[PDB]
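Okay, structure first, notes after.
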Amino acid sequence: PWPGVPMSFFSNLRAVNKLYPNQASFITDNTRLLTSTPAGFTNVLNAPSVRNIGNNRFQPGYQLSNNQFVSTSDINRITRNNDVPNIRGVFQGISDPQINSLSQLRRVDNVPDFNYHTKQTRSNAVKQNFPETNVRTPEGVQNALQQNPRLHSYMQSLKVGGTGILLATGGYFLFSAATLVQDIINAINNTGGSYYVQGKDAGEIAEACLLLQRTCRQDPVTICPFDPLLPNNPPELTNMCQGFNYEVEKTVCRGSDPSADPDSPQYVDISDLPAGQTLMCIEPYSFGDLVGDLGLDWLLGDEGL
């Protein structure tokens, strides 16, 4: 908080994205959040509450009018993402002008998450509508290109051009291998893990790097020069991946998901990070994940999605 300056809406949302020792400490922070809340969001945020999740640990949230509980983590997620369907589903009766009033706030605070949500939802629809793209093998990729020849001719023309393409991970889709298929395999095998993401230029640009010690599974790219929450290799960080069970946890990351269950090893408290920065887990790309990151989904089938 800058001295004499009220905190921005998304800074206040970030400040309450944590666990609390009791309910009163959260009402206090929430009262401050309400002094920064635009017009269509107050009905929900004026209804704060907490659930007791063992020990002296309280998860903060809001009781919806349908008598459902939504945590500050979920509020942070849908608003930072500009997840319009979920914003409408939670902040009921909100108008489109009110929804779009978050746009300027996201821009000034350099909130990057919205574009990752746009890529991921595109990627989900790609893998749902064109399941031959949900593959990570050389033969799977080649069959995927076989079934979508428009995408194949486009990408082969990208290879002839030779210009590498920046991916959402901060790594690159390069074109120097002997076949396009191999370029694709090289690209997607260099994705997956815990990413530190910072918006710049009013959110137009994102800079992302990989956090090695929160990446518990990595198959054989920009590495973060430091961990932003645990400096100087404490045992809490160096041992974070002990007992990691991919079958059970079903993610390559630990301590990189602010929206995960607070009792799971996926959870992380980022309430100290400024509003334009976040941690996230990006699972290893399928070919469809690469197509969705690049916005090449209109080349699938005869007319795309």
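We did not get these values from a lab; they are worked out from the coordinates using the rules stated. A quick note on method: Cβ atoms are made from the backbone with ideal geometry, for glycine too, and the neighbour counts reach across all protein chains shown.
Three principal axis extents of the chain based on alpha-carbon atoms, in descending order, are 62, 47, 37 Å.
Couplings for the range 169-174, taken from phi via the Karplus curve 6.51 cos²θ - 1.76 cosθ + 1.60 with θ = phi - 60°, read 7, x, x, 10, 9, 9 Hz in order; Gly and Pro are left as x. Working from label points 7 Å from Cα in the Cα-to-Cβ sense, the residue 189 to residue 212 distance is 1.9 nm. Computed over the alpha carbons of the range 99-181, Rg followed by Dmax gives 16.5, 49 Å. Close amide H contacts of residue 49 (hydrogens built in the peptide plane, cut-off under 5 Å, sequence separation of 5 or more or a different chain): 61, 62, 63. Across all Cα atoms of the range 9-108, the radius of gyration (one decimal) and Dmax (whole number) stand at 13.1, 42 Å. Simple rule: put +1 on each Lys or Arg Cβ and -1 on each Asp or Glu Cβ in the chain, find the dipole, and look at 20, 238, 212; the Cα lying farthest toward the positive end is 20. Phi-derived couplings, Karplus 6.51 cos²θ - 1.76 cosθ + 1.60 at θ = phi - 60°, listed residue by residue for the range 27-34: 3, 4, 5, 5, 4, 5, 4, 5 Hz, with x used for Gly and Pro. Backbone amide hydrogens, once placed in the peptide plane, bring residue 251 within less than 5 Å of nothing, excluding anything fewer than 5 places away on its chain. Using Cβ point charges alone (K and R +1, D and E -1), the dipole size of the range 9-108 about the Cα centre works out to roughly 260 debye. Counting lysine pairs in the chain that sit 8 or more residues apart in sequence, or on different chains, and whose Cα atoms lie under 28 Å apart gives 9. Given 4 °C and 1.567 mPa s, how large is the Stokes-Einstein diffusion coefficient of the range 1-66 in µm²/s, with Rh as the Kirkwood radius over Cα pairs? After rounding, the answer is 104 µm²/s.
In sequence order, the range 85-94 has phi-based couplings of x, 6, 4, 5, x, 9, 8, 5, x, 5 Hz under the Karplus curve 6.51 cos²θ - 1.76 cosθ + 1.60, θ = phi - 60°, and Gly or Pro positions carry x. Each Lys and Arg Cβ is given +1 and each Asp and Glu Cβ -1; about its Cα centre, the chain then shows a dipole of about 460 debye.
Fraction of C-alpha pairs exceeding 28 angstrom in the range 64-205: 37 percent, rounded to a whole number. Evaluated over the Cα positions of the range 230-271, the convex hull gives a direction-averaged projected area, one quarter of its surface, of 3.3 nm².
Think of each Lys and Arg Cβ as +1 and each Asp and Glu Cβ as -1; about the Cα centre, that makes the dipole of the range 170-305 roughly 420 debye. Distance from the Cα centroid of the range 207-270 to that of the range 161-175 is 24 Å (rounded to whole angstrom).
Positive end of the dipole of the chain (Cβ unit charges, origin at the Cα centre): among 167, 3, 278, the Cα lying farthest that way belongs to 3. Inter-part distance, the range 44-88 to the range 273-291, computed on C-alpha centroids, equals 23 Å. Here the range 193-282 is treated as a Stokes sphere of Kirkwood radius computed over C-alpha pairs; at 37 °C and 0.692 mPa s its diffusion coefficient rounds to 242 µm²/s. Across the options 117, 158, 85, the greatest Cα extent toward the positive end of the charge dipole of the chain (unit charges at beta carbon of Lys, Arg, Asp, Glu) belongs to 85. Model label points for residue 271 and residue 302, set 7 angstrom from Cα along the Cα-to-Cβ axis, are 5.5 nm apart.
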